[PDB]
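Laboratory data are not the source of any read-out in this text; all were calculated from the coordinates shown. Reconstructed Cβ throughout: ideal geometry from the backbone, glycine too, with neighbour counts over all protein chains shown.
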Amino acid sequence: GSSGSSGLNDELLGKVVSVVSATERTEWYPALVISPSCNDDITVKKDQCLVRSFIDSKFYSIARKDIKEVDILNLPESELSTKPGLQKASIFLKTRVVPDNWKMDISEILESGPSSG
């Protein structure tokens, strides 16, 4: 089980992050940073980056200056058990595998085992 496939390795990107609201520095939501590969029209400012929400799973364009490391997998079961954007996010921090609803580039790699059998 290896299947060489380097999908741009990063520390901040490809991981869950907390987005700080511009209308409320307090309010923050989880989002899986990503790059506009498929989406073209999606114009990402120079000080902006594409992310993947863990609530509705929508594509938002925030500023990296609004993002900041977070501990979703460190959150209490109370927050996760409740907060969705967190839970899912956390799940991806434990299961390290987004839902088929995302289909990043692993959910498919799953398949029926390594290669039939």
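Any residue in region 47-61 that is of a type outside the set (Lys, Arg), within 13 Å of the chain's Cα centre (by Cα) and at positive phi?
yes
Are any residues in region 30-46 surrounded by fewer than 16 Cβ atoms within 10 Å (Cβ to Cβ) and farther than 30 Å from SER115 by Cβ, and if so, which ones?
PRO36, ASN39, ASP40, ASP41, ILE42, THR43, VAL44, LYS45, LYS46
Of everything in region 55-83 that's β-branched (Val, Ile, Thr) and either touching a residue at least 12 places away in the same chain (Cβ under 8 Å) or part of a loop (DSSP other than H, G, I, E, B) (or both), which residue is surrounded by the most Cβ atoms within 10 Å (Cβ to Cβ)?
Step by step, filter region 55-83, then rank; the result is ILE72.
For region 14-26, does any single residue satisfy the condition of being part of a loop (DSSP other than H, G, I, E, B), basic (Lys, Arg) and under 30 Å from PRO114 (Cα atoms)?
yes
Scan region 27-54 for residues that are polar (S, T, N, Q) and part of a loop (DSSP other than H, G, I, E, B) and jot them down.
Of everything in region 27-54, those that are polar (S, T, N, Q) and part of a loop (DSSP other than H, G, I, E, B) turn out to be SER35, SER37, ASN39, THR43, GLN48.
Which residues, taken from region 3-29, are surrounded by 10 or more Cβ atoms within 10 Å (Cβ to Cβ), of a type in the set (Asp, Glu) and more than 21 Å from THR95 (Cβ to Cβ)?
Once the filter is applied, which keeps residues that are surrounded by 10 or more Cβ atoms within 10 Å (Cβ to Cβ), of a type in the set (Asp, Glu) and more than 21 Å from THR95 (Cβ to Cβ), region 3-29 yields only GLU27.
Does any residue of region 99-112 turn out to be hydroxyl-bearing (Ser, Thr, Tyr) and either within 22 Å of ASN9 (Cα to Cα) or touching a helix residue (DSSP H, G or I) at 6+ places or on another chain (Cβ under 7 Å) (or both)?
Checked region 99-112: at least one residue is hydroxyl-bearing (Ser, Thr, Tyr) and either within 22 Å of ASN9 (Cα to Cα) or touching a helix residue (DSSP H, G or I) at 6+ places or on another chain (Cβ under 7 Å) (or both).
Condition (residue is assigned to a loop (DSSP other than H, G, I, E, B), out of contact with any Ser or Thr (no Cβ under 9 Å at 6 or more places or on another chain), surrounded by fewer than 12 Cβ atoms within 10 Å (Cβ to Cβ) and not aromatic (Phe, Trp, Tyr)) applied to region 97-104: is it met by at least one residue?
Yes, because at least one residue in region 97-104 is assigned to a loop (DSSP other than H, G, I, E, B), out of contact with any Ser or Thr (no Cβ under 9 Å at 6 or more places or on another chain), surrounded by fewer than 12 Cβ atoms within 10 Å (Cβ to Cβ) and not aromatic (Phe, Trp, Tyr).
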